[PDB]
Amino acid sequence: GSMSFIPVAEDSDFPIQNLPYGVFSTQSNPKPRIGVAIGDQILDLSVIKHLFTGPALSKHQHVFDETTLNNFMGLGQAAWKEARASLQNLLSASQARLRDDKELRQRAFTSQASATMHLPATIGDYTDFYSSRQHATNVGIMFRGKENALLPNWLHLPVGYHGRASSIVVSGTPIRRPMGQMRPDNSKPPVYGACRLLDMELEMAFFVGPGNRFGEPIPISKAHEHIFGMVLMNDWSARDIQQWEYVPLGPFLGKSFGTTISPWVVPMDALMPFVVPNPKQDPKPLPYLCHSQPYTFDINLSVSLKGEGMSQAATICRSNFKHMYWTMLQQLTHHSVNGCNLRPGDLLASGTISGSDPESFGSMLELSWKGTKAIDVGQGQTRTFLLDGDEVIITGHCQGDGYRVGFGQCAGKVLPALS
């Protein structure tokens, strides 16, 4: 292992092997600013930005003074690697520079318990993919039947859609049950009212680093240069609103009332120790989507649900990011193949993550099988879809020897509709 001078519990999400980036403020100082999580502390990068003296960062220390991570994300991998090496040195148990500087160390650290986290970046565009084969198969079985499950394009390209950026909110933001239009009765006109089928969707998402120029694709051999790091995501959805609206132009108001992300962006370099070979694709993708670089990650994901009267949250999903059929390299490559310009801070989400076991299905649409099965949420309590007052928390971790790379929380509680 590796150790910091900051005390780190063995099961901490935030050992020296992680070092995720986030935006926080405190009761002492309301300015949103950039920090790195270590143990139960935050290292304020605006305070220590003069210690980044290397070639990539010496002229660009102002990126650590910003209220968002966009400019640091836009600097690209030489800057990311330099920052990470600098932070691994400065936080090391055996390095005196920061460790023994009592006054600097005093103003550079703050407790995570005292901090308010904010969205880590200003997200210009958010895209949601559909890349978990079991998830898409489950939706197809439910909607179309066993024989017609996957549509003809699914095995040939990473299907995805443009999402709503404005309603991406940081963990802990309450989510109001949406009103909208639904058609519960096919023999009657649609109605207006509160959603009746409110759902969570277990996803992960990555932030884009340097963009590409308008009109210039990113070749798949270079896609890994544009992926900064990852967060957990809950794509909340209103299944009745979605079902009525989505043919033919896609999910819209069924998704755009709220999408939650966790605040700590785990850099790809922290996740590389947990990379595994990519799943075999058959049919083989077209050459522009073909890559040998391993880019599938062993990340254990868990979803809990706690009703408003419960004292214990129930774990309703245990899944893993390694199941996904299309990689992040393929998603990024496909997103830019037409010349579309990805920009720093854009967010590309995986799709709902389901494995083959029903215990690993990533939505309550799947876990309840379209409301036909009860989900056990603890002694004599069941769900099909979300109730008012329910809190959903997504967590994730990679497990090393004596350490984990964890993601903190992606939480939200459902508020009653305005009706």
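Quick note: we count residues from 1 along the sequence shown, nothing fancier. The term rigid core refers to the maximal set of C-alpha atoms that superpose within 1.5 Å between the two forms.
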Return whichever of 85-93 or 195-203 has the larger RMS Cα deviation from the displayed form in 4 other deposited structures of this protein, where every structure is aligned on the rigid core.
85-93
Of the two stretches 96-104 and 150-158, CA positions deviate more in 4 other deposited structures of this protein after rigid core alignment for 96-104
Once average C-alpha B-factors are taken from the entry for 212-220 and 255-263, the winner is 212-220
When mean C-alpha B-factors in the record are compared for 241-249 and 179-187, the larger belongs to 179-187
For 126, 206, 192, 236, the deposited C-alpha B-factor is largest at 192
Highest Cα B-factor in the deposition, which of 44, 40, 376, 390?
376
Split the chain's modelled residues into thirds by Cα B-factor; is residue 54 in the lowest, middle or highest one?
highest
How does the C-alpha B factor of residue 291 compare with the rest of the chain: lowest, middle or highest third?
highest
Would you mind ranking residue 152 by its C-alpha B-factor against the rest of the chain and naming the third, lowest, middle or highest?
middle
Among the modelled residues of its chain, the C-alpha B-factor of residue 395 falls in the third labelled lowest
Chain thirds of CA B-factor: placement of residue 362:
middle
